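Reproduced below: start-v2.cif, with mmCIF, C-alpha atoms and all ligand atoms.
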data_entry
loop_
_atom_site.label_atom_id
_atom_site.label_comp_id
_atom_site.auth_asym_id
_atom_site.auth_seq_id
_atom_site.Cartn_x
_atom_site.Cartn_y
_atom_site.Cartn_z
CA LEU A 1 248.47 337.55 85.63
CA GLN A 2 250.30 334.75 87.49
CA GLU A 3 247.64 335.02 90.25
CA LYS A 4 244.75 334.93 87.72
CA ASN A 5 245.06 331.14 87.33
CA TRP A 6 243.59 330.95 90.89
CA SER A 7 240.18 332.18 89.77
CA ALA A 8 239.48 328.70 88.38
CA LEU A 9 240.45 327.12 91.70
CA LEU A 10 238.80 329.79 93.85
CA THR A 11 235.59 329.56 91.79
CA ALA A 12 235.73 325.77 91.99
CA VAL A 13 235.83 326.23 95.79
CA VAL A 14 232.60 328.18 95.34
CA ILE A 15 231.31 325.32 93.15
CA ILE A 16 232.35 322.70 95.75
CA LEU A 17 230.96 324.40 98.85
CA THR A 18 227.55 324.89 97.20
CA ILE A 19 227.14 321.33 95.92
CA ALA A 20 228.21 319.86 99.28
CA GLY A 21 226.81 322.55 101.55
CA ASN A 22 223.25 322.21 100.28
CA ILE A 23 223.44 318.42 99.80
CA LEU A 24 223.76 318.11 103.57
CA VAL A 25 221.01 320.66 104.14
CA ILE A 26 218.66 318.55 102.01
CA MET A 27 219.85 315.48 103.97
CA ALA A 28 219.90 316.98 107.47
CA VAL A 29 216.43 318.49 107.28
CA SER A 30 214.99 315.17 106.09
CA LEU A 31 216.79 312.72 108.37
CA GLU A 32 216.93 314.38 111.84
CA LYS A 33 213.39 314.87 113.16
CA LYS A 34 214.22 317.93 115.28
CA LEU A 35 214.48 320.17 112.15
CA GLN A 36 211.02 319.61 110.65
CA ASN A 37 209.93 323.20 111.09
CA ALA A 38 207.78 324.84 108.41
CA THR A 39 210.60 327.34 107.93
CA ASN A 40 213.07 324.44 107.78
CA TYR A 41 210.88 322.91 105.09
CA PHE A 42 211.38 326.08 103.02
CA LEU A 43 215.10 325.90 103.67
CA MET A 44 215.25 322.34 102.39
CA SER A 45 213.74 323.37 99.00
CA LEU A 46 215.79 326.57 98.73
CA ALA A 47 218.92 324.49 99.34
CA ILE A 48 217.84 322.30 96.45
CA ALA A 49 217.85 325.35 94.15
CA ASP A 50 221.41 326.07 95.32
CA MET A 51 222.27 322.43 94.78
CA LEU A 52 220.72 322.65 91.32
CA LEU A 53 222.45 325.93 90.60
CA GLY A 54 225.82 324.60 91.68
CA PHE A 55 225.20 321.35 89.86
CA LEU A 56 224.17 322.88 86.53
CA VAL A 57 225.00 326.51 85.77
CA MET A 58 227.85 327.65 88.00
CA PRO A 59 230.28 325.21 86.27
CA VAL A 60 229.70 326.38 82.69
CA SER A 61 230.17 329.90 84.02
CA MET A 62 233.72 328.68 84.81
CA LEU A 63 234.00 326.70 81.54
CA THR A 64 233.35 329.92 79.69
CA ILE A 65 235.94 331.62 81.92
CA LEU A 66 238.65 329.19 80.79
CA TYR A 67 237.88 329.78 77.11
CA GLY A 68 238.20 333.57 77.38
CA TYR A 69 234.44 334.22 77.63
CA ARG A 70 233.80 333.18 74.05
CA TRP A 71 230.76 330.87 74.41
CA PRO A 72 232.21 327.36 74.07
CA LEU A 73 229.05 325.31 73.64
CA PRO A 74 226.52 325.05 70.76
CA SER A 75 224.94 328.25 69.62
CA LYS A 76 221.51 326.80 70.16
CA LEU A 77 221.61 326.05 73.93
CA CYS A 78 222.52 329.48 75.25
CA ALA A 79 218.99 330.50 76.18
CA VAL A 80 218.78 327.30 78.29
CA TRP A 81 221.78 328.09 80.53
CA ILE A 82 220.48 331.66 80.95
CA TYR A 83 217.00 330.20 81.59
CA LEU A 84 218.20 327.64 84.13
CA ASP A 85 220.38 330.12 85.93
CA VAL A 86 217.49 332.62 85.87
CA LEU A 87 215.02 330.02 87.15
CA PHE A 88 216.96 328.58 90.08
CA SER A 89 218.24 332.01 91.16
CA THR A 90 214.73 333.46 90.86
CA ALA A 91 213.52 330.60 93.07
CA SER A 92 216.07 331.43 95.75
CA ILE A 93 214.72 334.95 96.23
CA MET A 94 211.17 333.60 96.11
CA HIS A 95 212.03 331.05 98.81
CA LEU A 96 213.70 333.71 100.91
CA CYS A 97 210.91 336.14 100.29
CA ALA A 98 208.11 333.65 100.94
CA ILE A 99 209.70 332.69 104.25
CA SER A 100 209.76 336.30 105.40
CA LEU A 101 206.17 337.11 104.68
CA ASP A 102 204.98 333.67 105.73
CA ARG A 103 206.51 334.38 109.15
CA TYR A 104 205.36 337.98 109.05
CA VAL A 105 201.63 337.38 108.56
CA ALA A 106 201.51 334.62 111.20
CA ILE A 107 202.90 336.93 113.92
CA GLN A 108 200.41 339.74 113.13
CA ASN A 109 197.47 337.23 113.04
CA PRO A 110 196.13 334.77 115.69
CA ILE A 111 196.26 330.97 115.54
CA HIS A 112 193.18 331.38 113.22
CA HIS A 113 192.05 327.80 114.09
CA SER A 114 192.36 326.67 110.51
CA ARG A 115 194.96 323.90 110.17
CA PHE A 116 193.13 322.68 107.06
CA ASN A 117 196.12 320.58 105.92
CA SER A 118 198.55 318.64 108.11
CA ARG A 119 201.83 320.57 107.63
CA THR A 120 201.70 320.04 103.91
CA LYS A 121 201.19 323.79 104.04
CA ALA A 122 204.93 323.85 103.45
CA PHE A 123 204.46 321.61 100.41
CA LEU A 124 201.69 323.81 99.08
CA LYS A 125 203.70 326.93 99.85
CA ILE A 126 206.85 325.70 98.13
CA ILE A 127 205.11 324.61 94.88
CA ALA A 128 203.59 328.05 94.66
CA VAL A 129 207.16 329.32 95.05
CA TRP A 130 208.37 327.40 92.01
CA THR A 131 205.43 328.10 89.76
CA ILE A 132 205.83 331.80 90.45
CA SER A 133 209.55 331.16 89.95
CA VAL A 134 208.85 329.45 86.61
CA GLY A 135 206.14 331.97 85.86
CA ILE A 136 208.88 334.57 85.47
CA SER A 137 211.39 332.45 83.57
CA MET A 138 209.24 331.55 80.57
CA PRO A 139 210.15 334.75 78.63
CA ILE A 140 213.77 333.59 78.08
CA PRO A 141 212.80 330.43 76.15
CA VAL A 142 209.70 332.16 74.68
CA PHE A 143 212.17 334.45 72.90
CA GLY A 144 214.89 331.77 73.04
CA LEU A 145 215.69 331.85 69.32
CA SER A 146 220.34 337.30 69.08
CA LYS A 147 218.97 338.95 72.20
CA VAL A 148 221.05 336.42 74.14
CA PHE A 149 224.52 336.92 72.60
CA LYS A 150 226.91 339.90 72.62
CA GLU A 151 230.25 339.79 70.73
CA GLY A 152 230.50 336.00 71.08
CA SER A 153 229.78 335.78 74.83
CA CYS A 154 226.43 334.74 76.33
CA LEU A 155 224.63 337.37 78.32
CA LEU A 156 221.17 338.84 78.54
CA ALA A 157 221.46 341.60 75.98
CA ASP A 158 217.84 342.67 75.48
CA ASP A 159 217.73 346.01 77.31
CA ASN A 160 214.22 345.63 78.63
CA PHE A 161 214.94 341.93 79.33
CA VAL A 162 217.72 342.96 81.71
CA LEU A 163 215.99 346.06 82.96
CA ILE A 164 212.57 344.55 83.71
CA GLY A 165 214.32 341.41 84.95
CA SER A 166 216.18 343.28 87.67
CA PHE A 167 213.08 344.74 89.31
CA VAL A 168 210.88 341.68 88.80
CA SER A 169 213.42 339.12 90.01
CA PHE A 170 215.73 341.16 92.25
CA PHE A 171 214.61 344.56 93.64
CA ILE A 172 210.92 343.91 94.19
CA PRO A 173 211.72 340.66 96.07
CA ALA A 174 214.69 342.06 97.99
CA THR A 175 212.63 345.09 99.03
CA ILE A 176 209.62 342.92 99.88
CA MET A 177 211.95 340.58 101.74
CA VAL A 178 213.40 343.35 103.86
CA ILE A 179 210.29 345.40 104.44
CA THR A 180 208.33 342.49 105.92
CA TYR A 181 211.39 341.21 107.84
CA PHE A 182 211.95 344.33 109.90
CA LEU A 183 208.26 344.73 110.74
CA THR A 184 208.32 341.22 112.18
CA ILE A 185 211.45 341.61 114.27
CA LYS A 186 209.93 344.74 115.76
CA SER A 187 206.71 342.76 116.26
CA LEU A 188 208.25 339.67 117.86
CA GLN A 189 210.41 341.86 120.11
CA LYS A 190 207.25 343.76 121.13
CA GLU A 191 205.41 340.48 121.97
CA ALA A 192 208.13 339.10 124.25
CA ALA A 193 207.71 342.25 126.21
CA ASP A 194 204.12 341.10 126.74
CA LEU A 195 204.70 337.56 127.95
CA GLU A 196 207.50 338.66 130.27
CA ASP A 197 205.26 341.46 131.52
CA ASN A 198 202.42 338.94 131.99
CA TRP A 199 204.58 336.55 134.03
CA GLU A 200 206.18 339.36 136.08
CA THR A 201 202.70 340.76 136.73
CA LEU A 202 201.52 337.27 137.72
CA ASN A 203 204.46 336.54 140.06
CA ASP A 204 204.41 339.93 141.84
CA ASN A 205 200.72 339.68 142.78
CA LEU A 206 201.27 336.02 143.71
CA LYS A 207 203.74 337.19 146.34
CA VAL A 208 201.27 339.98 147.23
CA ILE A 209 198.33 337.56 147.59
CA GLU A 210 200.36 335.36 149.92
CA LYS A 211 201.83 338.21 152.00
CA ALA A 212 198.67 340.38 152.12
CA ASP A 213 197.11 340.54 155.60
CA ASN A 214 193.88 342.34 154.63
CA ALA A 215 190.73 340.39 153.85
CA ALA A 216 189.87 341.66 150.35
CA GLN A 217 193.46 342.59 149.38
CA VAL A 218 193.53 339.27 147.51
CA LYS A 219 190.64 340.51 145.32
CA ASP A 220 192.60 343.13 143.38
CA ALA A 221 195.73 340.93 143.61
CA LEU A 222 194.11 337.74 142.27
CA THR A 223 191.70 339.34 139.78
CA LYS A 224 194.73 340.79 137.96
CA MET A 225 196.28 337.29 137.76
CA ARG A 226 193.19 336.20 135.86
CA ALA A 227 193.75 339.21 133.59
CA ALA A 228 197.36 338.42 132.70
CA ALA A 229 196.70 334.69 132.45
CA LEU A 230 194.17 335.20 129.66
CA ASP A 231 196.51 337.56 127.76
CA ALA A 232 199.23 334.89 127.87
CA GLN A 233 196.61 332.37 126.69
CA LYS A 234 196.21 334.77 123.76
CA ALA A 235 199.96 335.04 123.12
CA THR A 236 202.44 332.58 121.50
CA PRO A 237 205.08 333.24 118.78
CA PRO A 238 204.41 331.91 115.26
CA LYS A 239 206.64 328.81 115.57
CA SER A 240 197.89 321.09 117.29
CA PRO A 241 200.78 318.83 118.28
CA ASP A 242 201.52 320.86 121.41
CA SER A 243 198.76 323.52 121.07
CA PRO A 244 196.29 321.61 123.30
CA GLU A 245 198.81 321.44 126.17
CA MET A 246 199.46 325.19 126.03
CA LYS A 247 195.69 325.72 125.91
CA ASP A 248 195.03 322.90 128.45
CA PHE A 249 197.80 324.10 130.74
CA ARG A 250 196.47 327.61 130.22
CA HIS A 251 193.05 326.27 131.17
CA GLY A 252 194.62 324.00 133.81
CA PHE A 253 196.61 326.86 135.34
CA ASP A 254 193.66 329.23 135.16
CA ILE A 255 191.62 326.77 137.28
CA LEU A 256 194.01 327.21 140.19
CA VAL A 257 193.78 331.02 140.09
CA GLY A 258 190.12 331.02 139.09
CA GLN A 259 189.10 328.69 141.91
CA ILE A 260 190.85 330.78 144.57
CA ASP A 261 189.04 333.85 143.20
CA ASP A 262 185.68 332.06 143.17
CA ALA A 263 186.11 331.27 146.87
CA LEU A 264 187.95 334.56 147.51
CA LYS A 265 184.77 336.69 147.56
CA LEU A 266 182.93 334.03 149.56
CA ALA A 267 186.00 333.55 151.80
CA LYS A 268 189.77 333.87 153.08
CA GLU A 269 192.59 332.36 155.12
CA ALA A 270 192.32 329.21 152.99
CA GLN A 271 192.18 330.86 149.55
CA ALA A 272 195.66 332.25 150.15
CA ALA A 273 196.67 328.60 150.48
CA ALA A 274 194.43 327.69 147.54
CA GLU A 275 196.21 329.88 144.97
CA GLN A 276 199.37 327.79 145.15
CA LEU A 277 200.87 327.68 141.70
CA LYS A 278 204.18 327.49 143.56
CA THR A 279 203.41 323.92 144.68
CA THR A 280 202.20 322.55 141.29
CA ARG A 281 204.27 321.38 138.33
CA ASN A 282 201.82 322.80 135.79
CA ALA A 283 202.70 326.49 136.12
CA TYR A 284 206.48 325.89 136.05
CA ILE A 285 206.30 324.15 132.66
CA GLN A 286 204.37 326.98 130.98
CA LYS A 287 206.89 329.67 131.93
CA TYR A 288 209.52 327.27 130.58
CA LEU A 289 207.94 326.45 127.28
CA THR A 290 207.29 330.08 126.55
CA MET A 291 210.80 331.40 127.42
CA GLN A 292 212.36 328.54 125.46
CA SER A 293 209.92 329.21 122.60
CA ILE A 294 210.53 332.97 122.73
CA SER A 295 214.29 332.52 122.66
CA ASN A 296 214.20 330.06 119.76
CA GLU A 297 212.42 332.53 117.52
CA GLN A 298 214.98 335.13 118.52
CA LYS A 299 217.73 332.98 116.99
CA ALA A 300 215.67 332.05 113.96
CA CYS A 301 215.09 335.73 113.24
CA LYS A 302 218.82 336.42 113.55
CA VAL A 303 219.96 333.43 111.48
CA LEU A 304 217.33 334.37 108.88
CA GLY A 305 218.44 337.99 108.97
CA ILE A 306 221.94 336.81 108.20
CA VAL A 307 220.82 334.84 105.14
CA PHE A 308 218.40 337.52 104.06
CA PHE A 309 221.02 340.26 104.42
CA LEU A 310 223.93 338.67 102.76
CA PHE A 311 221.82 337.42 99.91
CA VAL A 312 220.97 340.93 98.79
CA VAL A 313 224.32 342.37 99.76
CA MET A 314 226.09 339.85 97.56
CA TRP A 315 223.96 340.20 94.43
CA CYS A 316 223.61 344.01 94.45
CA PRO A 317 227.03 344.56 92.83
CA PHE A 318 225.95 342.43 89.85
CA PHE A 319 222.56 344.06 89.56
CA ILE A 320 223.67 347.68 90.05
CA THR A 321 226.44 347.33 87.48
CA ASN A 322 224.00 345.54 85.12
CA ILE A 323 221.09 347.93 85.50
CA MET A 324 223.64 350.71 84.94
CA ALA A 325 224.61 349.20 81.59
CA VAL A 326 221.19 350.03 80.14
CA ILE A 327 220.73 353.33 82.01
CA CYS A 328 224.29 354.37 81.12
CA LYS A 329 224.35 352.86 77.59
CA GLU A 330 225.98 355.86 75.92
CA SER A 331 227.93 357.68 78.59
CA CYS A 332 230.20 354.99 80.12
CA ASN A 333 232.63 352.44 78.76
CA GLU A 334 231.03 349.07 78.27
CA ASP A 335 234.32 347.15 78.32
CA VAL A 336 235.00 348.17 81.92
CA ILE A 337 231.52 347.50 83.27
CA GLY A 338 231.42 344.23 81.36
CA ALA A 339 234.56 343.32 83.31
CA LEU A 340 232.90 344.13 86.60
CA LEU A 341 230.12 341.75 85.57
CA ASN A 342 232.55 338.87 85.06
CA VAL A 343 233.42 339.36 88.73
CA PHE A 344 230.24 340.54 90.44
CA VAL A 345 228.44 337.39 89.31
CA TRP A 346 230.74 335.37 91.52
CA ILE A 347 230.13 337.53 94.52
CA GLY A 348 226.53 336.59 93.80
CA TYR A 349 227.11 332.99 92.85
CA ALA A 350 228.81 332.52 96.25
CA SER A 351 225.69 333.08 98.34
CA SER A 352 224.61 329.60 97.24
CA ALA A 353 227.53 328.45 99.43
CA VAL A 354 227.09 330.78 102.38
CA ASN A 355 223.83 329.71 103.99
CA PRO A 356 224.92 326.13 104.86
CA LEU A 357 227.88 327.72 106.62
CA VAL A 358 225.66 330.04 108.59
CA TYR A 359 223.38 327.14 109.60
CA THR A 360 226.26 325.36 111.29
CA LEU A 361 227.64 328.52 112.86
CA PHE A 362 224.35 329.20 114.70
CA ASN A 363 222.14 326.07 114.77
CA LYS A 364 223.55 323.42 117.10
CA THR A 365 221.38 320.68 115.55
CA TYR A 366 222.39 321.53 111.98
CA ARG A 367 226.02 321.27 113.11
CA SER A 368 225.74 317.73 114.47
CA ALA A 369 224.03 316.36 111.34
CA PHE A 370 226.66 317.70 108.94
CA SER A 371 229.58 316.61 111.15
CA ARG A 372 228.13 313.12 111.31
CA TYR A 373 227.09 313.12 107.64
CA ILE A 374 230.71 313.86 106.65
CA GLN A 375 231.59 310.81 108.79
CA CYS A 376 228.74 308.91 106.92
CA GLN A 377 226.90 308.01 110.15
CA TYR A 378 223.18 308.84 110.53
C1 LIG A 401 234.65 316.99 91.57
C2 LIG A 401 235.03 316.54 92.98
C3 LIG A 401 236.13 317.40 93.59
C4 LIG A 401 233.82 316.42 93.92
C5 LIG A 401 232.81 317.58 93.92
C6 LIG A 401 232.13 317.73 95.29
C7 LIG A 401 231.05 316.68 95.66
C8 LIG A 401 230.29 316.18 94.43
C9 LIG A 401 231.58 315.51 96.51
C10 LIG A 401 232.74 315.93 97.43
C11 LIG A 401 232.43 315.39 98.82
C12 LIG A 401 231.34 314.34 98.60
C13 LIG A 401 230.39 314.01 99.75
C14 LIG A 401 231.13 313.64 101.03
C15 LIG A 401 230.11 313.41 102.11
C16 LIG A 401 228.86 313.00 101.84
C17 LIG A 401 227.93 312.73 103.00
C18 LIG A 401 227.44 311.29 102.91
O1 LIG A 401 226.61 310.97 104.04
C19 LIG A 401 226.69 311.15 101.59
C20 LIG A 401 227.59 311.44 100.37
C21 LIG A 401 228.32 312.79 100.43
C22 LIG A 401 227.34 313.92 100.14
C23 LIG A 401 229.45 312.86 99.39
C24 LIG A 401 228.88 312.97 97.95
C25 LIG A 401 229.77 313.66 96.89
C26 LIG A 401 230.55 314.87 97.42
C27 LIG A 401 229.61 315.99 97.90
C1 LIG A 402 220.72 339.65 83.02
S1 LIG A 402 219.56 340.53 84.05
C2 LIG A 402 218.95 339.24 85.05
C3 LIG A 402 217.62 339.17 85.45
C4 LIG A 402 217.19 338.11 86.22
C5 LIG A 402 218.09 337.12 86.60
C6 LIG A 402 219.43 337.17 86.20
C7 LIG A 402 219.85 338.24 85.42
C8 LIG A 402 220.37 336.07 86.65
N1 LIG A 402 221.55 335.96 85.76
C9 LIG A 402 222.66 335.28 86.43
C10 LIG A 402 223.88 335.21 85.54
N2 LIG A 402 223.57 334.49 84.31
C11 LIG A 402 224.74 334.47 83.44
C12 LIG A 402 222.46 335.14 83.63
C13 LIG A 402 221.25 335.24 84.53
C14 LIG A 402 220.87 336.36 88.05
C15 LIG A 402 219.91 336.20 89.21
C16 LIG A 402 220.44 336.34 90.50
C17 LIG A 402 219.66 336.23 91.62
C18 LIG A 402 218.32 335.96 91.49
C19 LIG A 402 217.76 335.82 90.24
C20 LIG A 402 218.54 335.93 89.09
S2 LIG A 402 217.63 335.71 87.58
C1 LIG A 403 223.92 347.31 99.26
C2 LIG A 403 225.41 347.34 98.93
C3 LIG A 403 225.66 347.99 97.57
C4 LIG A 403 227.11 347.86 97.07
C5 LIG A 403 227.27 348.52 95.70
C6 LIG A 403 228.57 348.22 94.98
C7 LIG A 403 228.53 348.91 93.62
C8 LIG A 403 229.34 348.10 92.60
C9 LIG A 403 229.58 348.81 91.27
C10 LIG A 403 228.83 350.01 90.88
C11 LIG A 403 228.62 350.31 89.42
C12 LIG A 403 230.01 350.57 88.86
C13 LIG A 403 230.05 350.67 87.35
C14 LIG A 403 231.45 351.11 86.99
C15 LIG A 403 231.47 351.57 85.55
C16 LIG A 403 232.37 352.77 85.31
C17 LIG A 403 231.75 353.62 84.20
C18 LIG A 403 232.76 354.16 83.21
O1 LIG A 403 233.74 353.47 82.84
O2 LIG A 403 232.64 355.33 82.75
#
Show me the file's structure as structure tokens.
Ligand SMILES: CC(C)CCC[C@@H](C)[C@H]1CC[C@H]2[C@@H]3CC=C4C[C@@H](O)CC[C@]4(C)[C@H]3CC[C@]12C
Ligand SMILES: CSc1ccc2c(c1)[C@@H](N1CCN(C)CC1)Cc1ccccc1S2
Ligand SMILES: CCCCCCCC/C=C/CCCCCCCC(=O)O
Amino acid sequence: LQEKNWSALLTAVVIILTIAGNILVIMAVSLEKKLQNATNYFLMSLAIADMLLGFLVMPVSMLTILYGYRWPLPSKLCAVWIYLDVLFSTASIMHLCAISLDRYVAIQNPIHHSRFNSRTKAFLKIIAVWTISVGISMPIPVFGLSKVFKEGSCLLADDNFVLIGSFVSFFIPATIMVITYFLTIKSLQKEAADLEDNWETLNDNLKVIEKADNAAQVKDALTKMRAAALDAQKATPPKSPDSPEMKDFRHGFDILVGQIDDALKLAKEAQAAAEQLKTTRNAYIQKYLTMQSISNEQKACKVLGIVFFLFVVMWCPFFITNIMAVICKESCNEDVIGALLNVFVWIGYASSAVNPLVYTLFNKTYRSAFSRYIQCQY
């Protein structure tokens, strides 16, 4: 028991890293313009929930710890610490889960030429996240004042409250989160195979068109280039600020190939010289922007997979032991599994710390903001 005084300190480390880790994330997304992605707009709100969870309900989880788990505050405010903790936590899965199916639908749909709002779509999307988040949390204060106390410690004790609340707030979202996620990674991976194929196709026939000695050999070789070029025009990862240029440079590049074709049938010696995408800056940019754009979404999917994965890995101990309380009400000792719950809620409460760490470990631009922000300099 000499080493059990460390829990206070170790848990305070989990309280510190979450309040600081997500304070920067709120800062760094707002200040540095290079991180204004729609998916970085979600991350800025999520990180607020983790800031609000660290700032409100993780500490009194420790305050209770010090007292021996006998609830140390007024009787009357227990449903509000359960409510708050339920609400912010339930907003962190909703933020994660929204992100995954927001990115999922966009990859399996086209541009769709909507852009009704000017990247307030994030702002609309996030307020829907919280009202669904606070949709679910009204039942705790609705039956706020019993079903919230057990032997002088404060836990959700209504069996259906803690049974329904697992599927509605944890397993449905975690499953939804993961099911969409994997479909997308398989989808993105299977769309990079199309752009690379379309540029390889385009370059090989370009060499063929130049090196072909027959008169109409160009025809098959430069009609195919038109074919791939359109497919590329139809392909971009989810990511009108740079969408004209892609379309214009698609159109602008197509002109060069199109024109050579137009005068290819007419003819001959000159059209080989006419299809010279090798000599023009336009074509070189487009291969660049796509391969840089393809690779960026690779790393976003991986960084997101890390936060997705270790969110549900970390809270599953607390939810499996808790759902097992009600399923195993009679068979198994409740003083052991109640002990596991004192612990497995800090495996879970520690995810609020983790995701700022994984941002620095894999996003160069998130790293530089934090490092400066520690030094105070914008
Ligand atoms: C109770 C004691 C130990 C402090 C608890 C941790 C928090 C509240 C402390 C510790 C380190 C502090 C931060 C140090 C660095 C920055 C970045 C700066 O650009 C804005 C202020 C800010 C964000 C400070 C605000 C408060 C802070 C986050
Ligand atoms: C009791 S059954 C249940 C159902 C829903 C939710 C919780 C618990 C919540 N706990 C946290 C501990 N706190 C002492 C009580 C409330 C935990 C959590 C974790 C992750 C996302 C959402 C939620 S909301
Ligand atoms: C996705 C990763 C999943 C990891 C699962 C870890 C499981 C943690 C605990 C499981 C429930 C244990 C409950 C122990 C109660 C013992 C019952 C008794 O005393 O009779």
Region 365-374 of chain A environment, 9 Å, only C-alpha atoms, sequence neighbours closer than 5 positions dropped, as a list in words: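 The neighbour list is residues 21, 24, 25, 27, 28, 29, 31, 32, 34, 35, 356, 359 and 360 of chain A.
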Which residues are near ligand LIG 403 (chain A) - at most 12 Å, using only C-alpha atoms and all ligand atoms? Format: as a short mmCIF file (atom, residue, chain, number, x, y, z; two decimals) with C-alpha atoms, in the coordinates of the input.
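After the write, part_3.cif holds the following:
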data_model
loop_
_atom_site.label_atom_id
_atom_site.label_comp_id
_atom_site.auth_asym_id
_atom_site.auth_seq_id
_atom_site.Cartn_x
_atom_site.Cartn_y
_atom_site.Cartn_z
CA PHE A 171 214.61 344.56 93.64
CA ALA A 174 214.69 342.06 97.99
CA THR A 175 212.63 345.09 99.03
CA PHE A 309 221.02 340.26 104.42
CA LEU A 310 223.93 338.67 102.76
CA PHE A 311 221.82 337.42 99.91
CA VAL A 312 220.97 340.93 98.79
CA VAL A 313 224.32 342.37 99.76
CA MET A 314 226.09 339.85 97.56
CA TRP A 315 223.96 340.20 94.43
CA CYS A 316 223.61 344.01 94.45
CA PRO A 317 227.03 344.56 92.83
CA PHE A 318 225.95 342.43 89.85
CA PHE A 319 222.56 344.06 89.56
CA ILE A 320 223.67 347.68 90.05
CA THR A 321 226.44 347.33 87.48
CA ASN A 322 224.00 345.54 85.12
CA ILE A 323 221.09 347.93 85.50
CA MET A 324 223.64 350.71 84.94
CA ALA A 325 224.61 349.20 81.59
CA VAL A 326 221.19 350.03 80.14
CA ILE A 327 220.73 353.33 82.01
CA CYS A 328 224.29 354.37 81.12
CA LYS A 329 224.35 352.86 77.59
CA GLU A 330 225.98 355.86 75.92
CA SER A 331 227.93 357.68 78.59
CA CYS A 332 230.20 354.99 80.12
CA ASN A 333 232.63 352.44 78.76
CA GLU A 334 231.03 349.07 78.27
CA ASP A 335 234.32 347.15 78.32
CA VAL A 336 235.00 348.17 81.92
CA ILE A 337 231.52 347.50 83.27
CA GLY A 338 231.42 344.23 81.36
CA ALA A 339 234.56 343.32 83.31
CA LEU A 340 232.90 344.13 86.60
CA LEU A 341 230.12 341.75 85.57
CA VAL A 343 233.42 339.36 88.73
CA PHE A 344 230.24 340.54 90.44
CA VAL A 345 228.44 337.39 89.31
CA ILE A 347 230.13 337.53 94.52
CA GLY A 348 226.53 336.59 93.80
#
Long-range neighbours of region 4-6 of chain A as a list in words, 12 Å cut-off, all atoms listed in the file, 4 positions minimum in chain: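 Residues meeting the cut-off are residues 10, 11, 12, 13, 62, 65 and 66 of chain A.
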Pick from A:268, A:186, A:95, A:239, whichever lies nearest to ligand LIG 402 (chain A) using all atoms listed in the file: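 The shortest atom-to-atom distance to ligand LIG 402 (chain A) comes from A:95.
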Environment of ligand LIG 401 (chain A) within 7 Å, counting all atoms listed in the file, reported as an NGL selection string: :A and (16 or 19-20 or 23-24 or 373-377)
How about saving the chosen residues, C-alpha atoms kept, as a compact mmCIF listing (two decimals), keeping the file's coordinate frame?
# COMPACT_ATOMS: atom_id res chain seq x y z
CA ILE A 16 232.35 322.70 95.75
CA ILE A 19 227.14 321.33 95.92
CA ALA A 20 228.21 319.86 99.28
CA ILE A 23 223.44 318.42 99.80
CA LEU A 24 223.76 318.11 103.57
CA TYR A 373 227.09 313.12 107.64
CA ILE A 374 230.71 313.86 106.65
CA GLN A 375 231.59 310.81 108.79
CA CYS A 376 228.74 308.91 106.92
CA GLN A 377 226.90 308.01 110.15
Within-9 Å residues of ligand LIG 402 (chain A), basis all atoms listed in the file, as an MDAnalysis selection string: chainID A and resid 57:58 61 81:94 137 154:159 161:170 311:312 315 318:319 322:323 345 348:349
Interatomic distance (Å, one decimal) between CA of residue 98 (chain A) and CA of residue 125 (chain A): 8.1 Å
Proximity to residue 180 (chain A) - best of A:105, A:306, A:26, A:285, all atoms listed in the file: A:105
For CA of residue 362 (chain A) and CA of residue 43 (chain A), the interatomic separation in Å (one decimal): 14.8 Å
Residue nearest residue 299 (chain A) among A:352, A:363, A:64, A:7 (counting all atoms listed in the file):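 Closest residue, counting all atoms listed in the file: A:363.
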Restore N, CA, C and O atoms in region 167-172 of chain A and list the result as an mmCIF file, in the frame of the given file.
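Writing done, so here's out.cif:
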data_model
loop_
_atom_site.group_PDB
_atom_site.id
_atom_site.type_symbol
_atom_site.label_atom_id
_atom_site.label_comp_id
_atom_site.auth_asym_id
_atom_site.auth_seq_id
_atom_site.Cartn_x
_atom_site.Cartn_y
_atom_site.Cartn_z
ATOM 1 N N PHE A 167 214.098 344.400 88.320
ATOM 2 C CA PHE A 167 213.080 344.740 89.310
ATOM 3 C C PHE A 167 212.217 343.529 89.623
ATOM 4 O O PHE A 167 211.931 343.248 90.790
ATOM 5 N N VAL A 168 211.801 342.791 88.589
ATOM 6 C CA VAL A 168 210.880 341.680 88.800
ATOM 7 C C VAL A 168 211.531 340.541 89.574
ATOM 8 O O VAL A 168 210.890 339.914 90.412
ATOM 9 N N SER A 169 212.789 340.242 89.314
ATOM 10 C CA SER A 169 213.420 339.120 90.010
ATOM 11 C C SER A 169 214.300 339.556 91.189
ATOM 12 O O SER A 169 214.389 338.841 92.182
ATOM 13 N N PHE A 170 214.984 340.687 91.098
ATOM 14 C CA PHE A 170 215.730 341.160 92.250
ATOM 15 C C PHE A 170 215.069 342.243 93.121
ATOM 16 O O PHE A 170 214.782 341.960 94.291
ATOM 17 N N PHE A 171 214.855 343.481 92.658
ATOM 18 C CA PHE A 171 214.610 344.560 93.640
ATOM 19 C C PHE A 171 213.246 344.474 94.318
ATOM 20 O O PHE A 171 213.147 344.697 95.531
ATOM 21 N N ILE A 172 212.192 344.193 93.560
ATOM 22 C CA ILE A 172 210.920 343.910 94.190
ATOM 23 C C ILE A 172 211.069 342.836 95.265
ATOM 24 O O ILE A 172 210.727 343.105 96.424
#
